Amino acid sequence: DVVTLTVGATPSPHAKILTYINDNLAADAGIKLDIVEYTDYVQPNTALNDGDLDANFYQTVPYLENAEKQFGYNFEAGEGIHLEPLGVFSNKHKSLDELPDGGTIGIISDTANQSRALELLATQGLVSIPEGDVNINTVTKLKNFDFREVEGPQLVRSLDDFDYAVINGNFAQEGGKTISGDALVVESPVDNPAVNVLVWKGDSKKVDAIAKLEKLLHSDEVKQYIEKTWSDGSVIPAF
Ligand code: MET
């Protein structure tokens, strides 16, 4: 009666953290992990919904709340494990002030993350968000440039085409990039609601096993693994 759990995860940090747990902690907890790596945001929630995964570990609390609102998903989430500060990246400039007149900024296409990237740009004086649904058509541009919506896994590649791109940590990681080494502008980690959580479906038969994985993901061992593995500011424990 060891329970096996199929968990979907983006490769870095999430699959790495899950692999540390699998290889170091799962056996003592009486669980086995079957890690499935995913490279986009749509697919792990669909697989959790449709019955292919027991849990996923890739998404932020605000993205989850939006997915439940837009799609009706019946999911349950755990405590914040870690934060990935959002960054503005570029291969053409080292300062956002060098945004050419009619220049371009790549921006993700999902609601929650486009909204978060738009806020980050507001802290830099580049867009104005009305007080009160935040997207490229509802913000006011305060300098002359164009946004270009790009699908998440195309963000790092879009740096070849555009002056800048706003890029979530998991994608920056895939592209060999770090916050310390490569972010032009770094989202503040203070009072940041975009913590990453374990998500499972409300009716799982495996809730004893998933509560064990939740406890392992918020252990001192996992915090130390995160702090040892990422000291470049790209992945910060949220506990
Ligand atoms: C799928 S919501 C964004 C998740 C991403 N790993 C982040 O923390 O920004």
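Positions are given from 1 along the sequence. Just follow the structure's listing: the first ligand is 1, and inside any ligand the first atom is 1. Computed from heavy atoms alone, side chains included, the values below leave out hydrogens, waters and symmetry copies.
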Going through the distances and angles, do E84 and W230 end up as a side-chain hydrogen bond (donor to acceptor under 3.5 Å, both in side chains)? CA-CA 11 Å; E84 285 153 41; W230 295 277; over 6 Å; no
For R116, the ligand 1 atoms with a heavy-atom partner under 4.0 Å come out as 7 (C), 9 (O)
With a cut-off of 4.0 Å, which atoms of ligand 1 are near a heavy atom of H14? 6 (N)
Heteroatom distance test (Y63, ligand 1): nitrogen or oxygen, under 3.5 angstrom: no
N/O separation below 3.5 Å, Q59 to ligand 1: no
Take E187 and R116 through the test salt bridge (charged side-chain N to carboxylate O under 4.0 Å, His left out) and record every step on the way to the result. CA-CA 10 Å; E187 194 188 49; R116 171 184 183 196; 2.9 Å; yes
Quick one: look at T60 and ligand 1, take heavy-atom pairs under 4.0 Å, and tell me if it's side chain, backbone, both or neither. both
Could you check atom 8 (O) of ligand 1 against the protein and tell me its nearest heavy-atom contact, residue, atom and distance included? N196 ND2, 2.9 Å
Does the structure place the NZ or CZ of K141 under 6.0 Å from the centre of the six-membered ring of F145, at an angle of no more than 45° from the ring's axis? yes
From the list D1, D54, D34, salt bridge (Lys or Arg N to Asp or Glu O under 4.0 Å) with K206 holds only for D54
To the nearest 0.1 Å, how far is atom 4 (C) of ligand 1 from its closest protein heavy atom, and which atom is that? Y58 O, 3.3 Å
Show the numbers, then the answer: is there a side-chain contact (heavy atoms from CB on, under 4.5 Å) between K143 and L126? CA-CA 6 Å; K143 302 287 173 87; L126 193 67; 3.9 Å; yes
Taking the six-membered ring for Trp and the full ring for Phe, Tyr or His, determine whether the centres of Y41 and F171 are under 6.0 Å apart. yes
Heavy-atom gap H82 to ligand 1 smaller than 4.0 Å: no
Atom 6 (N) of ligand 1 - nearest protein heavy atom and its distance: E84 OE1, 2.6 Å
Relative to ligand 1, is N113 under 4.0 angstrom through side chain, backbone, both or neither, heavy atoms considered? side chain
Any idea which heavy atoms bring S95 and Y164 closest together, and the distance? O-OH, 2.6 Å
